[PDB]
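Peer 1: protein_15.tsv is reproduced in full below (TSV, C-alpha atoms).
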```
chain	number	residue	atom	x	y	z
A	34	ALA	CA	24.21	-21.73	9.39
A	35	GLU	CA	22.08	-18.59	9.10
A	36	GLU	CA	19.12	-17.73	11.31
A	37	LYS	CA	16.01	-15.71	10.49
A	38	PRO	CA	16.12	-11.97	11.29
A	39	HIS	CA	14.17	-10.73	14.31
A	40	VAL	CA	11.02	-8.98	13.09
A	41	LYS	CA	7.91	-7.88	14.99
A	42	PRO	CA	4.64	-9.58	13.98
A	43	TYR	CA	2.60	-8.48	10.99
A	44	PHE	CA	-0.30	-9.94	9.09
A	45	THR	CA	0.00	-10.53	5.34
A	46	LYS	CA	-3.67	-11.53	5.34
A	47	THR	CA	-6.20	-10.16	7.81
A	48	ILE	CA	-9.62	-11.39	8.94
A	49	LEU	CA	-12.68	-10.15	7.09
A	50	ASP	CA	-16.13	-9.00	8.23
A	51	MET	CA	-18.67	-11.77	7.60
A	52	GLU	CA	-22.44	-12.24	7.56
A	53	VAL	CA	-23.54	-15.81	8.28
A	54	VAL	CA	-27.05	-17.28	8.38
A	55	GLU	CA	-27.81	-18.52	11.88
A	56	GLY	CA	-27.12	-22.23	12.24
A	57	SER	CA	-24.41	-22.46	9.58
A	58	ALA	CA	-20.64	-22.47	10.06
A	59	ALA	CA	-18.38	-19.39	9.96
A	60	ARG	CA	-14.62	-19.04	9.70
A	61	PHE	CA	-12.16	-16.21	10.18
A	62	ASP	CA	-8.66	-16.62	8.84
A	63	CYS	CA	-5.49	-14.59	8.56
A	64	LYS	CA	-1.76	-15.17	8.16
A	65	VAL	CA	0.92	-13.93	10.49
A	66	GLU	CA	4.67	-13.45	10.04
A	67	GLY	CA	7.35	-12.60	12.58
A	68	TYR	CA	10.45	-14.00	14.27
A	69	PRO	CA	10.60	-15.27	16.93
A	70	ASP	CA	7.36	-16.74	15.90
A	71	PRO	CA	4.49	-15.12	17.63
A	72	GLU	CA	2.01	-16.56	20.03
A	73	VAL	CA	-1.54	-16.11	18.91
A	74	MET	CA	-4.83	-15.65	20.68
A	75	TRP	CA	-8.35	-14.84	19.57
A	76	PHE	CA	-10.92	-12.62	21.27
A	77	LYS	CA	-14.68	-12.35	21.03
A	78	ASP	CA	-15.56	-8.76	22.00
A	79	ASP	CA	-12.18	-8.60	23.72
A	80	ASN	CA	-12.83	-11.75	25.82
A	81	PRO	CA	-10.31	-14.59	25.25
A	82	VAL	CA	-11.67	-17.35	23.06
A	83	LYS	CA	-11.10	-20.84	24.47
A	84	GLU	CA	-10.87	-23.86	22.18
A	85	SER	CA	-14.06	-25.99	22.19
A	86	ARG	CA	-16.48	-27.80	19.92
A	87	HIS	CA	-18.03	-24.45	19.13
A	88	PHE	CA	-14.76	-22.53	18.69
A	89	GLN	CA	-12.08	-24.39	16.74
A	90	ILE	CA	-8.75	-22.60	16.58
A	91	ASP	CA	-5.87	-23.56	14.28
A	92	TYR	CA	-2.39	-22.07	13.85
A	93	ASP	CA	0.13	-23.84	11.61
A	94	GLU	CA	3.88	-23.60	11.02
A	95	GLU	CA	3.35	-21.30	8.06
A	96	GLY	CA	1.50	-18.76	10.20
A	97	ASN	CA	-2.00	-19.51	8.91
A	98	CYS	CA	-4.39	-18.65	11.72
A	99	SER	CA	-8.07	-19.54	11.83
A	100	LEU	CA	-11.17	-19.56	14.04
A	101	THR	CA	-14.02	-21.76	12.88
A	102	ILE	CA	-17.47	-21.48	14.52
A	103	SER	CA	-19.51	-24.62	13.78
A	104	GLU	CA	-23.12	-23.56	14.37
A	105	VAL	CA	-23.41	-19.81	14.50
A	106	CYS	CA	-25.92	-18.50	17.05
A	107	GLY	CA	-26.97	-15.13	18.39
A	108	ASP	CA	-24.26	-15.23	21.02
A	109	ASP	CA	-21.65	-15.31	18.24
A	110	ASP	CA	-22.80	-11.97	16.77
A	111	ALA	CA	-19.72	-9.98	17.83
A	112	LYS	CA	-16.36	-8.37	17.05
A	113	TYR	CA	-13.50	-10.85	16.78
A	114	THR	CA	-9.83	-10.15	17.17
A	115	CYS	CA	-6.72	-12.15	16.31
A	116	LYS	CA	-3.68	-10.91	18.20
A	117	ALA	CA	-0.11	-12.03	17.63
A	118	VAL	CA	2.85	-11.17	19.83
A	119	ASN	CA	6.57	-11.91	20.05
A	120	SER	CA	9.28	-10.08	22.02
A	121	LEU	CA	9.56	-7.32	19.44
A	122	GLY	CA	5.94	-6.24	19.28
A	123	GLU	CA	2.37	-7.17	18.49
A	124	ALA	CA	-0.18	-7.10	15.71
A	125	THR	CA	-3.94	-7.41	15.70
A	126	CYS	CA	-6.70	-7.48	13.14
A	127	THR	CA	-10.41	-7.35	13.87
A	128	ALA	CA	-13.60	-8.10	12.00
A	129	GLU	CA	-17.30	-8.42	12.77
A	130	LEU	CA	-19.46	-11.49	12.58
A	131	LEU	CA	-23.10	-10.55	11.88
A	132	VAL	CA	-25.48	-13.42	12.50
A	133	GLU	CA	-28.29	-13.27	9.97
A	134	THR	CA	-31.85	-14.02	11.02
A	135	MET	CA	-34.24	-14.76	8.13
```
Rewrite the structure of this file - the entire thing - as structure tokens.

Peer 2:
Amino acid sequence: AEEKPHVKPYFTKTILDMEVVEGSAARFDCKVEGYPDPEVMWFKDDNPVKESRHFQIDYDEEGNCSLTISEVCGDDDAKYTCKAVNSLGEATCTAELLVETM
């Protein structure tokens, strides 16, 4: 039986800057690769994001990573970061969420 090769994390898809009207939902998504599989965490202006009704975080076996914000408010207007790390290294991608006020 063969095993996967050890490779530091890397994103094949990175998160994108978004503009969302206040009150509506917003989602950041990216895809990570690496072996051992990496552990992932999200940051809002470099502060760890904790799972909640407001911040839904998903990470599946295929490496799809996402952060969904259900009702965007002023406090969400920020820089978000998805960081992935395994024993061989780390990878991060960042993007801005601009909350639009009509």

Peer 1: For residue 61 (chain A), which residue out of A:117, A:126, A:49, A:73 is the nearest one, using all atoms listed in the file?

Peer 2: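 So, comparing all the options, the nearest one is A:49.
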
Peer 1: List as a ChimeraX atom specification the protein and nucleic acid residues near residue 89 (chain A), meaning an atom at most 10 Å away when only C-alpha atoms are counted, but skip any in the same chain fewer than 2 places from it.

Peer 2: /A:60,82-87,91,99-103

Peer 1: In the coordinates of the file, take the point (-13.5, -10.2, 24.1) and a cut-off of 12 Å; then, counting only C-alpha atoms, name each qualifying protein, DNA or RNA residue as a PDB file with C-alpha atoms, keeping the file's coordinate frame.

Peer 2:
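Resulting contents of out.pdb:
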```
ATOM      1  CA  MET A  74      -4.830 -15.650  20.680  1.00  0.00           C
ATOM      2  CA  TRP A  75      -8.350 -14.840  19.570  1.00  0.00           C
ATOM      3  CA  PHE A  76     -10.920 -12.620  21.270  1.00  0.00           C
ATOM      4  CA  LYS A  77     -14.680 -12.350  21.030  1.00  0.00           C
ATOM      5  CA  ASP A  78     -15.560  -8.760  22.000  1.00  0.00           C
ATOM      6  CA  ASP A  79     -12.180  -8.600  23.720  1.00  0.00           C
ATOM      7  CA  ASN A  80     -12.830 -11.750  25.820  1.00  0.00           C
ATOM      8  CA  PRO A  81     -10.310 -14.590  25.250  1.00  0.00           C
ATOM      9  CA  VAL A  82     -11.670 -17.350  23.060  1.00  0.00           C
ATOM     10  CA  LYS A  83     -11.100 -20.840  24.470  1.00  0.00           C
ATOM     11  CA  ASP A 109     -21.650 -15.310  18.240  1.00  0.00           C
ATOM     12  CA  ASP A 110     -22.800 -11.970  16.770  1.00  0.00           C
ATOM     13  CA  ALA A 111     -19.720  -9.980  17.830  1.00  0.00           C
ATOM     14  CA  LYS A 112     -16.360  -8.370  17.050  1.00  0.00           C
ATOM     15  CA  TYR A 113     -13.500 -10.850  16.780  1.00  0.00           C
ATOM     16  CA  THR A 114      -9.830 -10.150  17.170  1.00  0.00           C
ATOM     17  CA  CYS A 115      -6.720 -12.150  16.310  1.00  0.00           C
ATOM     18  CA  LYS A 116      -3.680 -10.910  18.200  1.00  0.00           C
ATOM     19  CA  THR A 127     -10.410  -7.350  13.870  1.00  0.00           C
TER      20      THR A 127
END
```

Peer 1: A:131, A:97, A:124, A:105: which is nearest residue 40 (chain A), counting all atoms listed in the file?

Peer 2: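 Nearest candidate to residue 40 (chain A) out of A:131, A:97, A:124, A:105: A:124.
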
Peer 1: Quote the spacing between CA of residue 130 (chain A) and CA of residue 45 (chain A) in Å to one decimal place.

Peer 2: 20.8 Å

Peer 1: Any idea what the distance is between CA of residue 125 (chain A) and CA of residue 39 (chain A)?

Peer 2: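 About the pair CA of residue 125 (chain A) and CA of residue 39 (chain A): they are 18.5 Å apart.
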
Peer 1: Quick one: distance from CA of residue 133 (chain A) to CA of residue 44 (chain A) in Å, one decimal?

Peer 2: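 Spanning CA of residue 133 (chain A) to CA of residue 44 (chain A) is a straight-line distance of 28.2 Å.
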
Peer 1: So which residues touch residue 118 (chain A) within 8 Å, counting only C-alpha atoms, skipping near sequence neighbours fewer than 5 positions away, as a PyMOL selection string?

Peer 2: chain A and resi 41-42+71-73+123-124

Peer 1: May I have the residues from that selection written out with C-alpha atoms, as a compact mmCIF listing (two decimals), in the frame of the given file?

Peer 2:
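Okay, selection-v5.txt is ready:
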```txt
# COMPACT_ATOMS: atom_id res chain seq x y z
CA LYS A 41 7.91 -7.88 14.99
CA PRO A 42 4.64 -9.58 13.98
CA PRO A 71 4.49 -15.12 17.63
CA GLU A 72 2.01 -16.56 20.03
CA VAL A 73 -1.54 -16.11 18.91
CA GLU A 123 2.37 -7.17 18.49
CA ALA A 124 -0.18 -7.10 15.71
```

Peer 1: Rank nothing, just name the residue among A:51, A:98, A:37, A:129 nearest to residue 68 (chain A), using all atoms listed in the file.

Peer 2: A:37

Peer 1: Kindly complete region 45-70 of chain A to N, CA, C and O atoms; the output should be written as a PDB file, keeping the file's coordinate frame.

Peer 2:
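The file below, part-v4.pdb, is the result:
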```pdb
ATOM      1  N   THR A  45      -0.096 -10.716   6.791  1.00  0.00           N
ATOM      2  CA  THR A  45       0.000 -10.530   5.340  1.00  0.00           C
ATOM      3  C   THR A  45      -1.412 -10.738   4.801  1.00  0.00           C
ATOM      4  O   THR A  45      -1.721 -10.422   3.653  1.00  0.00           O
ATOM      5  N   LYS A  46      -2.269 -11.275   5.662  1.00  0.00           N
ATOM      6  CA  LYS A  46      -3.670 -11.530   5.340  1.00  0.00           C
ATOM      7  C   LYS A  46      -4.405 -11.289   6.642  1.00  0.00           C
ATOM      8  O   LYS A  46      -4.030 -11.830   7.661  1.00  0.00           O
ATOM      9  N   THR A  47      -5.444 -10.472   6.607  1.00  0.00           N
ATOM     10  CA  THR A  47      -6.200 -10.160   7.810  1.00  0.00           C
ATOM     11  C   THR A  47      -7.623 -10.717   7.749  1.00  0.00           C
ATOM     12  O   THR A  47      -8.138 -11.018   6.663  1.00  0.00           O
ATOM     13  N   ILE A  48      -8.257 -10.860   8.907  1.00  0.00           N
ATOM     14  CA  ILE A  48      -9.620 -11.390   8.940  1.00  0.00           C
ATOM     15  C   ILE A  48     -10.613 -10.398   8.341  1.00  0.00           C
ATOM     16  O   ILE A  48     -10.432  -9.169   8.394  1.00  0.00           O
ATOM     17  N   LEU A  49     -11.670 -10.944   7.768  1.00  0.00           N
ATOM     18  CA  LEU A  49     -12.680 -10.150   7.090  1.00  0.00           C
ATOM     19  C   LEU A  49     -14.066 -10.214   7.715  1.00  0.00           C
ATOM     20  O   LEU A  49     -14.487 -11.282   8.162  1.00  0.00           O
ATOM     21  N   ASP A  50     -14.767  -9.078   7.709  1.00  0.00           N
ATOM     22  CA  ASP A  50     -16.130  -9.000   8.230  1.00  0.00           C
ATOM     23  C   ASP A  50     -16.922 -10.065   7.481  1.00  0.00           C
ATOM     24  O   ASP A  50     -16.712 -10.271   6.275  1.00  0.00           O
ATOM     25  N   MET A  51     -17.828 -10.734   8.190  1.00  0.00           N
ATOM     26  CA  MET A  51     -18.670 -11.770   7.600  1.00  0.00           C
ATOM     27  C   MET A  51     -20.097 -11.674   8.094  1.00  0.00           C
ATOM     28  O   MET A  51     -20.344 -11.226   9.210  1.00  0.00           O
ATOM     29  N   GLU A  52     -21.011 -12.160   7.264  1.00  0.00           N
ATOM     30  CA  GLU A  52     -22.440 -12.240   7.560  1.00  0.00           C
ATOM     31  C   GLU A  52     -22.741 -13.722   7.375  1.00  0.00           C
ATOM     32  O   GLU A  52     -22.539 -14.250   6.289  1.00  0.00           O
ATOM     33  N   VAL A  53     -23.231 -14.394   8.406  1.00  0.00           N
ATOM     34  CA  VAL A  53     -23.540 -15.810   8.280  1.00  0.00           C
ATOM     35  C   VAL A  53     -24.953 -16.092   8.778  1.00  0.00           C
ATOM     36  O   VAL A  53     -25.373 -15.570   9.821  1.00  0.00           O
ATOM     37  N   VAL A  54     -25.685 -16.899   8.014  1.00  0.00           N
ATOM     38  CA  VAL A  54     -27.050 -17.280   8.380  1.00  0.00           C
ATOM     39  C   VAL A  54     -26.951 -18.115   9.652  1.00  0.00           C
ATOM     40  O   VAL A  54     -26.113 -19.010   9.762  1.00  0.00           O
ATOM     41  N   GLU A  55     -27.808 -17.808  10.618  1.00  0.00           N
ATOM     42  CA  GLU A  55     -27.810 -18.520  11.880  1.00  0.00           C
ATOM     43  C   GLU A  55     -27.919 -20.027  11.668  1.00  0.00           C
ATOM     44  O   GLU A  55     -28.722 -20.489  10.862  1.00  0.00           O
ATOM     45  N   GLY A  56     -27.102 -20.789  12.387  1.00  0.00           N
ATOM     46  CA  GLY A  56     -27.120 -22.230  12.240  1.00  0.00           C
ATOM     47  C   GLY A  56     -25.973 -22.755  11.396  1.00  0.00           C
ATOM     48  O   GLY A  56     -25.495 -23.859  11.636  1.00  0.00           O
ATOM     49  N   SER A  57     -25.513 -21.983  10.410  1.00  0.00           N
ATOM     50  CA  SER A  57     -24.410 -22.460   9.580  1.00  0.00           C
ATOM     51  C   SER A  57     -23.052 -22.118  10.180  1.00  0.00           C
ATOM     52  O   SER A  57     -22.954 -21.391  11.176  1.00  0.00           O
ATOM     53  N   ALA A  58     -22.006 -22.675   9.585  1.00  0.00           N
ATOM     54  CA  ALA A  58     -20.640 -22.470  10.060  1.00  0.00           C
ATOM     55  C   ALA A  58     -20.007 -21.169   9.541  1.00  0.00           C
ATOM     56  O   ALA A  58     -20.347 -20.681   8.458  1.00  0.00           O
ATOM     57  N   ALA A  59     -19.099 -20.611  10.334  1.00  0.00           N
ATOM     58  CA  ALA A  59     -18.380 -19.390   9.960  1.00  0.00           C
ATOM     59  C   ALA A  59     -16.899 -19.566  10.279  1.00  0.00           C
ATOM     60  O   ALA A  59     -16.534 -20.263  11.235  1.00  0.00           O
ATOM     61  N   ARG A  60     -16.049 -18.929   9.484  1.00  0.00           N
ATOM     62  CA  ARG A  60     -14.620 -19.040   9.700  1.00  0.00           C
ATOM     63  C   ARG A  60     -13.879 -17.735   9.426  1.00  0.00           C
ATOM     64  O   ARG A  60     -14.122 -17.061   8.429  1.00  0.00           O
ATOM     65  N   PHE A  61     -12.977 -17.384  10.334  1.00  0.00           N
ATOM     66  CA  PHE A  61     -12.160 -16.210  10.180  1.00  0.00           C
ATOM     67  C   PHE A  61     -10.752 -16.763   9.965  1.00  0.00           C
ATOM     68  O   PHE A  61     -10.347 -17.745  10.612  1.00  0.00           O
ATOM     69  N   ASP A  62     -10.027 -16.190   9.016  1.00  0.00           N
ATOM     70  CA  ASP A  62      -8.660 -16.620   8.840  1.00  0.00           C
ATOM     71  C   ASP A  62      -7.744 -15.478   8.417  1.00  0.00           C
ATOM     72  O   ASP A  62      -8.174 -14.505   7.793  1.00  0.00           O
ATOM     73  N   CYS A  63      -6.494 -15.585   8.844  1.00  0.00           N
ATOM     74  CA  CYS A  63      -5.490 -14.590   8.560  1.00  0.00           C
ATOM     75  C   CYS A  63      -4.139 -15.309   8.542  1.00  0.00           C
ATOM     76  O   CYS A  63      -4.049 -16.512   8.797  1.00  0.00           O
ATOM     77  N   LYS A  64      -3.089 -14.575   8.229  1.00  0.00           N
ATOM     78  CA  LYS A  64      -1.760 -15.170   8.160  1.00  0.00           C
ATOM     79  C   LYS A  64      -0.797 -14.220   8.826  1.00  0.00           C
ATOM     80  O   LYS A  64      -0.757 -13.031   8.487  1.00  0.00           O
ATOM     81  N   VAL A  65      -0.020 -14.748   9.764  1.00  0.00           N
ATOM     82  CA  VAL A  65       0.920 -13.930  10.490  1.00  0.00           C
ATOM     83  C   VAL A  65       2.371 -14.298  10.184  1.00  0.00           C
ATOM     84  O   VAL A  65       2.678 -15.442   9.857  1.00  0.00           O
ATOM     85  N   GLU A  66       3.240 -13.293  10.259  1.00  0.00           N
ATOM     86  CA  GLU A  66       4.670 -13.450  10.040  1.00  0.00           C
ATOM     87  C   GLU A  66       5.341 -12.808  11.256  1.00  0.00           C
ATOM     88  O   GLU A  66       4.719 -12.015  11.995  1.00  0.00           O
ATOM     89  N   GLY A  67       6.606 -13.152  11.458  1.00  0.00           N
ATOM     90  CA  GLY A  67       7.350 -12.600  12.580  1.00  0.00           C
ATOM     91  C   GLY A  67       8.325 -13.615  13.139  1.00  0.00           C
ATOM     92  O   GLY A  67       8.085 -14.818  13.082  1.00  0.00           O
ATOM     93  N   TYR A  68       9.432 -13.125  13.688  1.00  0.00           N
ATOM     94  CA  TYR A  68      10.450 -14.000  14.270  1.00  0.00           C
ATOM     95  C   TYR A  68      11.091 -13.276  15.444  1.00  0.00           C
ATOM     96  O   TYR A  68      11.530 -12.126  15.293  1.00  0.00           O
ATOM     97  N   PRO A  69      11.122 -13.925  16.631  1.00  0.00           N
ATOM     98  CA  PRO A  69      10.600 -15.270  16.930  1.00  0.00           C
ATOM     99  C   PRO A  69       9.117 -15.417  16.518  1.00  0.00           C
ATOM    100  O   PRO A  69       8.381 -14.430  16.488  1.00  0.00           O
ATOM    101  N   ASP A  70       8.766 -16.575  16.268  1.00  0.00           N
ATOM    102  CA  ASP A  70       7.360 -16.740  15.900  1.00  0.00           C
ATOM    103  C   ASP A  70       6.496 -16.223  17.028  1.00  0.00           C
ATOM    104  O   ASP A  70       6.641 -16.646  18.170  1.00  0.00           O
TER     105      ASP A  70
END
```
